[PDB]
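Contents: one structure, followed by commentary.
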Amino acid sequence: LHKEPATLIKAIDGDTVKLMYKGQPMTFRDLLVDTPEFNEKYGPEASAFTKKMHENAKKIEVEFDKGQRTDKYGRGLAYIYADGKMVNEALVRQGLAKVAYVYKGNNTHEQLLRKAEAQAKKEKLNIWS
Ligand SMILES: Cc1cn([C@H]2C[C@H](OP(=O)(O)O)[C@@H](COP(=O)(O)O)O2)c(=O)[nH]c1=O
Ligand SMILES: [Ca+2]
């Protein structure tokens, strides 16, 4: 897998963001995670977390997995990095997302994220409180 450039267009929520990729605007959905919707418990906190993580980054990058790169809604499916830190992993580590939507063929970072979730749960953080 490899990282590719992008630039933030706009925060959206815990697990989606509007980025410019290859010069085109796209909505990206984070692989392997599920954040609460904004109207649900910890939804606001998830959205705040990713808004800050994306807006503060000097360099956003996207990393597609081995499988399908867009979902049925036209959203890009990627691992997203903010100054080399994976947003997908950070969400899970903080108890602001669950590991979720693990489809074979696009699950390169599954075990990394499961390890984060375990530590979040051990610490009883957020969703796990
Ligand atoms: C994360 C992810 C979501 N999806 C689809 C499955 C779900 O379909 P349904 O909309 O039919 O439930 C939806 C979940 O996304 P959200 O959690 O953003 O709603 O997006 C994929 O197809 N591939 C993926 O890797
Ligand atoms: Ca969601």
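Going by the structure tokens order, chains are called A, B, ..., each with residues numbered from 1, while ligands are numbered from 1 in the order shown.
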
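The residues of segment 12-92 of chain A that DSSP classifies as alpha helix (DSSP H), using the backbone of this structure, are residues 43, 44, 45, 46, 47, 48, 49, 50, 51, 52, 53, 54, 55, 56, 87, 88, 89, 90, 91 and 92 of chain A.
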
Kindly provide, as a PDB file with C-alpha atoms, in the first residue's frame, all nucleotide and amino acid residues lying within 6 Å of ligand 2, counting only C-alpha atoms and all ligand atoms.
```pdb
ATOM      1  CA  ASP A  34     -17.697   3.301  12.321  1.00  0.00           C
ATOM      2  CA  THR A  35     -18.163   6.530  14.221  1.00  0.00           C
ATOM      3  CA  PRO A  36     -21.541   7.469  15.789  1.00  0.00           C
ATOM      4  CA  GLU A  37     -23.632   9.746  13.563  1.00  0.00           C
TER       5      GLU A  37
END
```

Counting only C-alpha atoms and all ligand atoms, give me one row per residue of chain A with an atom at most 6 Å from an atom of ligand 1, showing the shortest contact pair and its distance in Å to one decimal, sorted by chain then residue number, as CSV.
```
residue,atom,partner,partner_atom_place_in_ligand_line,distance
A:31,CA,ligand 1,1 (C),4.9
A:32,CA,ligand 1,1 (C),5.7
A:34,CA,ligand 1,17 (O),5.6
A:71,CA,ligand 1,22 (O),4.8
A:77,CA,ligand 1,25 (O),6.0
A:101,CA,ligand 1,1 (C),5.2
```

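Relative to atom CA of residue 94 of chain A, atom CA of residue 116 of chain A is found at 8.2 Å.
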
Between A:100, A:59, A:113, A:14, single out the one closest to residue 41 of chain A, counting only C-alpha atoms.
A:14

Within 12 Å of residue 53 of chain A using only C-alpha atoms, minus same-chain residues under 2 positions, as a ChimeraX atom specification:
/A:8,10-11,13-15,17,46-51,55-60,80-88,90-91

Excluding segment 64-69 of chain A and any residue of its chain fewer than 6 positions from it, enumerate the residues within 7 Å of it, using only C-alpha atoms, and give them as an MDAnalysis selection string.
chainID A and resid 1 76:79 105:106 108

Polymer residues at most 9 Å from residue 127 of chain A, only C-alpha atoms, same-chain spacing of 6 or more positions, as a ChimeraX atom specification:
/A:41-42,94-98,120-121

Now that the selection is made, can you save its residues with N, CA and C atoms as a PDB file, in the first residue's frame?
```pdb
ATOM      1  N   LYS A  41     -24.817   9.511  20.507  1.00  0.00           N
ATOM      2  CA  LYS A  41     -23.881   9.698  21.584  1.00  0.00           C
ATOM      3  C   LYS A  41     -22.430   9.512  21.101  1.00  0.00           C
ATOM      4  N   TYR A  42     -21.583  10.473  21.474  1.00  0.00           N
ATOM      5  CA  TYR A  42     -20.178  10.593  21.010  1.00  0.00           C
ATOM      6  C   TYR A  42     -20.027  10.951  19.515  1.00  0.00           C
ATOM      7  N   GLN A  94      -8.931   6.163  20.526  1.00  0.00           N
ATOM      8  CA  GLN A  94      -9.600   7.063  21.453  1.00  0.00           C
ATOM      9  C   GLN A  94     -11.001   6.646  21.858  1.00  0.00           C
ATOM     10  N   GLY A  95     -11.464   5.485  21.445  1.00  0.00           N
ATOM     11  CA  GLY A  95     -12.827   5.097  21.724  1.00  0.00           C
ATOM     12  C   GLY A  95     -13.880   5.967  21.049  1.00  0.00           C
ATOM     13  N   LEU A  96     -13.525   6.624  19.945  1.00  0.00           N
ATOM     14  CA  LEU A  96     -14.508   7.427  19.198  1.00  0.00           C
ATOM     15  C   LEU A  96     -15.021   6.695  17.932  1.00  0.00           C
ATOM     16  N   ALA A  97     -14.425   5.541  17.616  1.00  0.00           N
ATOM     17  CA  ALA A  97     -14.961   4.623  16.596  1.00  0.00           C
ATOM     18  C   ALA A  97     -14.776   3.160  16.982  1.00  0.00           C
ATOM     19  N   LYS A  98     -15.627   2.300  16.443  1.00  0.00           N
ATOM     20  CA  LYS A  98     -15.477   0.855  16.536  1.00  0.00           C
ATOM     21  C   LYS A  98     -14.858   0.340  15.252  1.00  0.00           C
ATOM     22  N   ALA A 120      -8.258   0.946  23.788  1.00  0.00           N
ATOM     23  CA  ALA A 120      -9.344   1.842  24.105  1.00  0.00           C
ATOM     24  C   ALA A 120     -10.349   1.226  25.080  1.00  0.00           C
ATOM     25  N   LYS A 121     -10.680  -0.035  24.845  1.00  0.00           N
ATOM     26  CA  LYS A 121     -11.629  -0.734  25.711  1.00  0.00           C
ATOM     27  C   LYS A 121     -11.041  -0.993  27.101  1.00  0.00           C
TER      28      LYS A 121
END
```

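Across A:122, A:12, A:62, A:74, the tightest approach to residue 44 of chain A is made by A:12 when counting only C-alpha atoms.
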
Atom-to-atom span, atom CA of residue 125 of chain A and atom CA of residue 99 of chain A, Å:
14.4 Å

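Atom CA of residue 24 of chain A lies 10.2 Å from atom CA of residue 7 of chain A.
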
Pick out each residue of chain A that DSSP on the backbone tags as strand (DSSP E or B); I need them as a PyMOL selection string.
chain A and resi 3-11+16-21+24-30+33-34+60-63+70+76-82+85-86+98-99

Residue subset to file, keeping N, CA, C and O atoms, as a short mmCIF file (atom, residue, chain, number, x, y, z; two decimals), in the first residue's frame:
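Dumped everything to part08.cif:
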```cif
data_model
loop_
_atom_site.label_atom_id
_atom_site.label_comp_id
_atom_site.auth_asym_id
_atom_site.auth_seq_id
_atom_site.Cartn_x
_atom_site.Cartn_y
_atom_site.Cartn_z
N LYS A 3 0.84 5.77 0.21
CA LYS A 3 0.19 7.05 0.44
C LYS A 3 0.26 7.95 -0.79
O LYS A 3 1.25 7.93 -1.59
N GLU A 4 -0.82 8.69 -0.98
CA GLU A 4 -0.98 9.64 -2.10
C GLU A 4 -1.45 10.95 -1.52
O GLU A 4 -2.15 10.98 -0.48
N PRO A 5 -1.07 12.07 -2.14
CA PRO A 5 -1.54 13.35 -1.70
C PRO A 5 -3.01 13.61 -1.82
O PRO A 5 -3.70 13.16 -2.75
N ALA A 6 -3.44 14.48 -0.93
CA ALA A 6 -4.72 15.15 -0.99
C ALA A 6 -4.68 16.43 -0.13
O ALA A 6 -3.79 16.63 0.68
N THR A 7 -5.70 17.28 -0.28
CA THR A 7 -5.84 18.47 0.51
C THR A 7 -7.29 18.50 1.04
O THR A 7 -8.22 17.97 0.42
N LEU A 8 -7.44 19.04 2.24
CA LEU A 8 -8.74 19.15 2.86
C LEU A 8 -9.58 20.12 2.06
O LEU A 8 -9.11 21.21 1.74
N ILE A 9 -10.79 19.72 1.70
CA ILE A 9 -11.82 20.71 1.32
C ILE A 9 -12.69 21.07 2.52
O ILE A 9 -12.88 22.26 2.82
N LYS A 10 -13.21 20.07 3.24
CA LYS A 10 -14.08 20.36 4.39
C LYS A 10 -14.26 19.14 5.27
O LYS A 10 -14.51 18.05 4.75
N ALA A 11 -14.20 19.35 6.58
CA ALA A 11 -14.66 18.38 7.57
C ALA A 11 -16.08 18.02 7.31
O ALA A 11 -16.90 18.89 6.90
N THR A 16 -16.15 10.52 7.80
CA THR A 16 -16.14 11.03 6.43
C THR A 16 -15.53 12.43 6.40
O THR A 16 -15.56 13.16 7.38
N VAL A 17 -14.99 12.79 5.25
CA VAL A 17 -14.34 14.08 5.01
C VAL A 17 -14.35 14.37 3.50
O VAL A 17 -14.36 13.46 2.70
N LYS A 18 -14.38 15.67 3.14
CA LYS A 18 -14.32 16.10 1.76
C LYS A 18 -12.88 16.52 1.47
O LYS A 18 -12.31 17.38 2.15
N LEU A 19 -12.23 15.79 0.56
CA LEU A 19 -10.83 16.05 0.21
C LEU A 19 -10.78 16.29 -1.28
O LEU A 19 -11.67 15.79 -2.03
N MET A 20 -9.73 16.99 -1.70
CA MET A 20 -9.35 17.04 -3.14
C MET A 20 -8.33 15.99 -3.43
O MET A 20 -7.25 16.01 -2.89
N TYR A 21 -8.64 15.11 -4.36
CA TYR A 21 -7.76 14.00 -4.67
C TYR A 21 -7.59 13.96 -6.18
O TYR A 21 -8.58 13.95 -6.92
N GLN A 24 -9.68 16.56 -7.94
CA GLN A 24 -11.14 16.48 -7.95
C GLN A 24 -11.69 16.39 -6.54
O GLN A 24 -11.12 15.72 -5.71
N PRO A 25 -12.80 17.09 -6.27
CA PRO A 25 -13.41 16.96 -4.94
C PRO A 25 -14.08 15.61 -4.75
O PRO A 25 -14.75 15.13 -5.63
N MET A 26 -13.85 14.96 -3.60
CA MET A 26 -14.45 13.65 -3.32
C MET A 26 -14.82 13.59 -1.83
O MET A 26 -14.12 14.13 -1.01
N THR A 27 -15.89 12.90 -1.52
CA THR A 27 -16.12 12.50 -0.16
C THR A 27 -15.42 11.16 0.11
O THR A 27 -15.58 10.21 -0.67
N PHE A 28 -14.61 11.11 1.16
CA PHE A 28 -13.92 9.90 1.60
C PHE A 28 -14.58 9.34 2.85
O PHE A 28 -14.98 10.09 3.73
N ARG A 29 -14.79 8.01 2.86
CA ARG A 29 -15.23 7.28 4.03
C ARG A 29 -14.06 6.41 4.57
O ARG A 29 -13.39 5.65 3.81
N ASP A 30 -13.75 6.58 5.84
CA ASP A 30 -12.61 5.87 6.44
C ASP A 30 -12.83 4.38 6.42
O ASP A 30 -13.84 3.87 6.92
N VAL A 33 -13.78 1.40 10.05
CA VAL A 33 -14.29 2.01 11.28
C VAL A 33 -15.73 2.47 11.15
O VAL A 33 -16.25 2.62 10.02
N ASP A 34 -16.36 2.72 12.31
CA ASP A 34 -17.70 3.30 12.32
C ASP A 34 -17.72 4.25 13.47
O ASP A 34 -17.55 3.83 14.60
N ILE A 60 -2.19 16.11 4.40
CA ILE A 60 -3.16 15.02 4.35
C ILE A 60 -2.73 14.04 3.25
O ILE A 60 -2.36 14.44 2.14
N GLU A 61 -2.86 12.74 3.53
CA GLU A 61 -2.60 11.74 2.55
C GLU A 61 -3.68 10.70 2.60
O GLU A 61 -4.27 10.46 3.66
N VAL A 62 -3.92 10.11 1.44
CA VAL A 62 -4.84 8.97 1.36
C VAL A 62 -4.12 7.73 0.88
O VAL A 62 -3.19 7.77 0.07
N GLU A 63 -4.60 6.61 1.42
CA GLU A 63 -3.99 5.34 1.19
C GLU A 63 -5.13 4.37 0.91
O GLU A 63 -5.91 4.00 1.81
N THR A 70 -14.04 2.84 -4.25
CA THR A 70 -15.22 3.67 -4.02
C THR A 70 -16.36 2.79 -3.62
O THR A 70 -16.44 1.63 -4.01
N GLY A 76 -14.96 7.67 -1.69
CA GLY A 76 -13.66 7.03 -1.69
C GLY A 76 -13.51 6.24 -0.40
O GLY A 76 -13.96 6.71 0.68
N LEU A 77 -12.87 5.09 -0.49
CA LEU A 77 -12.64 4.22 0.69
C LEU A 77 -11.13 4.19 0.90
O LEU A 77 -10.41 3.63 0.08
N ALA A 78 -10.68 4.73 2.01
CA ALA A 78 -9.25 4.89 2.22
C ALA A 78 -8.87 4.88 3.65
O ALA A 78 -9.71 5.09 4.57
N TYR A 79 -7.58 4.64 3.87
CA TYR A 79 -6.95 5.10 5.13
C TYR A 79 -6.50 6.54 4.97
O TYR A 79 -5.81 6.89 3.99
N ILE A 80 -6.81 7.39 5.95
CA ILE A 80 -6.49 8.79 5.80
C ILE A 80 -5.42 9.12 6.86
O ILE A 80 -5.62 8.81 8.03
N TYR A 81 -4.36 9.82 6.45
CA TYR A 81 -3.27 10.26 7.37
C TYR A 81 -3.19 11.77 7.50
O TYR A 81 -3.40 12.49 6.50
N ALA A 82 -2.95 12.24 8.72
CA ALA A 82 -2.76 13.68 9.00
C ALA A 82 -1.38 13.83 9.61
O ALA A 82 -1.15 13.41 10.69
N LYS A 85 -0.03 10.45 10.77
CA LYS A 85 -0.81 9.74 11.75
C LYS A 85 -2.15 9.29 11.10
O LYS A 85 -2.90 10.10 10.55
N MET A 86 -2.45 8.01 11.20
CA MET A 86 -3.69 7.51 10.64
C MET A 86 -4.88 7.95 11.46
O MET A 86 -4.98 7.71 12.67
N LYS A 98 -15.63 2.30 16.44
CA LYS A 98 -15.48 0.86 16.54
C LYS A 98 -14.86 0.34 15.25
O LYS A 98 -15.12 0.89 14.22
N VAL A 99 -14.06 -0.73 15.33
CA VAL A 99 -13.67 -1.46 14.14
C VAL A 99 -14.95 -2.06 13.57
O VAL A 99 -15.76 -2.63 14.31
#
```
